[PDB]
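Coming up is one lone chain in structure tokens, specifically the form deposited in one PDB entry.
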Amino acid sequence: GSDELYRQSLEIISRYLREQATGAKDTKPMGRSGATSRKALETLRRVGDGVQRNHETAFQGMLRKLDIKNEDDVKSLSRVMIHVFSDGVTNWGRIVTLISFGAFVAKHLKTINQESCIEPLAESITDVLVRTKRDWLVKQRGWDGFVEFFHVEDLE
């Protein structure tokens, strides 16, 4: 059919959010463009987890403002993501931060209700990221650029 970037993006983001909220790995290895997707998810695990560790108290403050002012967290999160990019600056650091915060929201939703699904949150994040930054993502080689940007090439 069509739109491999959207599919691939949604699979990487859905699984990361699903792992974080539940604490379990999907197993279910690969499918379609697995090698890039496998390395992107592992990069997202390393960086995503680190961002949430390093800015945990800040995320709690954002979460509180998110809950109090408006009803739906997924709709509200979309407003935030658009505003984040409203200055016209786009880079992988911002993209990974938004995904990391989405994972934070996903945990929060599973705590207030254990049966909540993560798909609406993930597809909404993927919607913002793919639609609004389609050509930019393509220019960075999609998730291959994401992997490399966050890949440390010399430990020394």
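Residue numbers run from 1 along the displayed sequence. So that the term is clear: the rigid core is the largest set of C-alpha atoms that superpose within 1.5 Å between two forms.
Omitted from view is the form deposited in another entry, to which the following refers.
Novice: Comparing between this form and the one not shown on the rigid core: C-alpha of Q52 shifted by 2 Å or more?
Specialist: After core superposition, the C-alpha of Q52 moves less than 2 Å between this form and the one not shown.
Novice: Core superposed first: is there a CA shift of 2 Å or greater at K69 between this form and the one not shown?
Specialist: Passes the 2 Å threshold, so yes.
Novice: When the two forms are laid on each other by their rigid core, does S116 show a Cα shift of 2 Å or more between this form and the one not shown?
Specialist: Shift of 2 Å or more: yes.
Novice: How does the CA gap of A21 and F85 change in the other entry versus this form, closer or farther, if it moves 3 angstroms or more?
Specialist: Pair moves closer in the other entry.
Novice: Flagged pair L77/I95: C-alpha distance shifts by 3 angstroms or more in the other entry. Which direction, closer or farther?
Specialist: Compared with the form shown here, the C-alpha atoms of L77 and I95 sit farther apart in the other entry, by 3 Å or more.
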